[PDB]
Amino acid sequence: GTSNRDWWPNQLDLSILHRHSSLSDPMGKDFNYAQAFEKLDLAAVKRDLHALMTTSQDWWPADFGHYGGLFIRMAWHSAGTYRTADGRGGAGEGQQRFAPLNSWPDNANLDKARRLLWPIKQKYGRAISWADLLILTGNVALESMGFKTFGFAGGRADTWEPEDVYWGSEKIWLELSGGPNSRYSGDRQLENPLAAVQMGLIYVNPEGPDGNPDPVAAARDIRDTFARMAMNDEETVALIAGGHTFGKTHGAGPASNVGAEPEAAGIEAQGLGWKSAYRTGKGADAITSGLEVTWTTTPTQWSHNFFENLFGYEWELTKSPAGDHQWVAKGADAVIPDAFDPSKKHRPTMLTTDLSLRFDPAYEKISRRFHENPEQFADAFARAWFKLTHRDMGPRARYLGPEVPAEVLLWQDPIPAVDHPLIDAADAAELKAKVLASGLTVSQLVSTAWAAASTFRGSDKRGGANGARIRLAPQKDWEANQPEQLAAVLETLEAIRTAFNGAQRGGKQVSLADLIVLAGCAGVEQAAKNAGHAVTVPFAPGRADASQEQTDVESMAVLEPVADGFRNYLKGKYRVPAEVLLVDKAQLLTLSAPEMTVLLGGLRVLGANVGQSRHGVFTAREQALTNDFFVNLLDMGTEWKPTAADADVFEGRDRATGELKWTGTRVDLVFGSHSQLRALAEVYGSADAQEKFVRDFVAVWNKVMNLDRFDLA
């Protein structure tokens, strides 16, 4: 069937904003996963998982009699798709069970692992999500094998459809770099927001870059990809060596024996894939990656044998039975156990990427320290394993259950506890009036609260106005945030704050984070008053102020908005058209198309544009909350043409006289061009729509202000 995407393959796609409807969700609209999970008997779940570890099924026999290595790999791949650039990927939505991830080559045979878990999932039902179960099972595998984990939090609710993620533009699985859709340019520069070297890999190629078995060059790719998953050198070494303490790779025969991935397989495969013609197709004959490496002498027990082997041998380049590059220990004895024949042993073996940990000079120093001090290795690995598996969960307020680590970690963007009474409705009224009486304008108030709140992304639940991190490095100096203007606003609000807090009794105080939001609420009310309309904007107190010492500045950099169409802002020129970037930002804000539309039309007339640009300010009553953006954009009396100077800036002239009325960007004008967005603009631009426009603007402003308010969840 030919589709709109076939005919107009470059038209903007709004369907990413309308996923996750109540239509596709099998749970009722009142289901609350946290409420379910809080009553789960987590101990019982863990005892069933522990038993599973050594209960082999004949359709996918357990290596060494123990599924622990398979389950560790499963959980590491569940988490391992995460990119810090956008927050997308990660284990937090259980997306490994859907396309495309369920059928990535790097996820081969994890269909088997998830199938092994169906009995437990079935037993406990809605009280444990697949998302949570995949991570838990990796923890229980680690515990079963003698490794002490750092902890575990539940609360990842299941999803019901694939997420819309850009995983790259290649049309061939695993394509090597330098093709027509290459994700590399320049001197091996991986395109943002990608965090993997080839389409369908988690991070890097285990043979080496584009298959070249050089451990030093492989180290470069490990470092870059892991940094793009928010891990530093110590964490990276700890994770790789920790993982590879357990289990084995699978490459018993040629890869041409392996059939279709799950999304391509026949209906009778019942959701499994990679069926193999090689001998038994499983167990001793399994083929997963094509590599055939077993790292340690006790693949089912925590040890410090990975580093003992890595440093205790010299390594020779060899080939697996599938023809893939791997390494074997020179002159070694057969000391590694076979996975099924108790009378066979094997020489130590390594991947190219394992040897990176000894041949890259910076990794070698960490690896030596870990070899000499295995306690330090165990602690780093437990910490890194927790971070890997929790990095996309969001604020600690979302962590559920009895095994949550009490230690607050800097990567969590921690928010201090509130230990004092909160302002009430009358206090909030008093503060809104004090803010308006200070002389701060509607545009200042709206712009400041927008800047604070709109760092939130729903991909990994980072950002938002809680913390008042807008007053700290680096947010206070981001271009989009207009650093000098911002500092002036913040000084005025901090003086209101000090005067209000100094007058209270009883311990009551207001945080700066709450006052920033409240002040933006005052600005929105005042703009509505300026248009002739009395409205109250909802506000919920309870935000707290984080310190600079509780803020990792380097980690906060990925939250900078380099394109923010809601402020008509683009920090530089990108290949992706600005309208596409607006829909991307709206998805990370969790907005629907109607919410995006209302919000942007209102922001334009409120004065939220960076630099007070007139682009899209289609009103003669700026700082009044009216639907003038939509009425004026849709007026057929105005003709639009791209300027000579800049093809992405447009002049709006009266069609009869030629007189200049307005200017706009692509982000403004898309609302008059895209057929679905124009239809939305028409509802807000109609003569009956002033009340609707105000109410729906107030609703979406409050939604944005509350995106990180999981303390009210």
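Throughout, we count residues from 1 along the sequence that is shown.
Taking the recorded C-alpha temperature factors, which stretch has the higher mean, 313-321 or 634-642? Taking the mean C-alpha B-factor of 313-321 and of 634-642, the larger value falls to 313-321.
572-580 versus 510-518: which one carries the higher mean Cα B factor per the record? 572-580 has the higher mean C-alpha B-factor.
Can you tell me which of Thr590, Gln95, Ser276, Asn609 has the maximum CA B-factor listed in the PDB entry? When the deposited C-alpha B-factors of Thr590, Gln95, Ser276, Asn609 are compared, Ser276 is largest.
Considering only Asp233, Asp158, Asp210, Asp564, which residue's Cα atom bears the greatest B-factor as recorded? Within the set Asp233, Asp158, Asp210, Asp564, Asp210 shows the top C-alpha B-factor.
When the modelled residues of the chain are sorted by Cα temperature factor, does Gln690 land in the lowest, middle or highest third? Ranked within chain, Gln690 CA B lands in the middle tercile.
Thinking about Cα B factors across the chain, which third does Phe31 belong to? Its C-alpha B-factor, which the entry lists for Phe31, ranks in the highest third among residues of this chain.
Hey, what third does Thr657 fall into on Cα B-factor, ranked over its chain? Its C-alpha B-factor, which the entry lists for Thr657, ranks in the highest third among residues of this chain.
Relative to the other modelled residues in the chain, which third contains the C-alpha temperature factor of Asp106: lowest, middle or highest? Lowest third - that is where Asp106 ends up once the chain's C-alpha B-factors are sorted.
For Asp379, the third of its chain into which the C-alpha B factor falls: Its C-alpha B-factor, which the entry lists for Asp379, ranks in the lowest third among residues of this chain.
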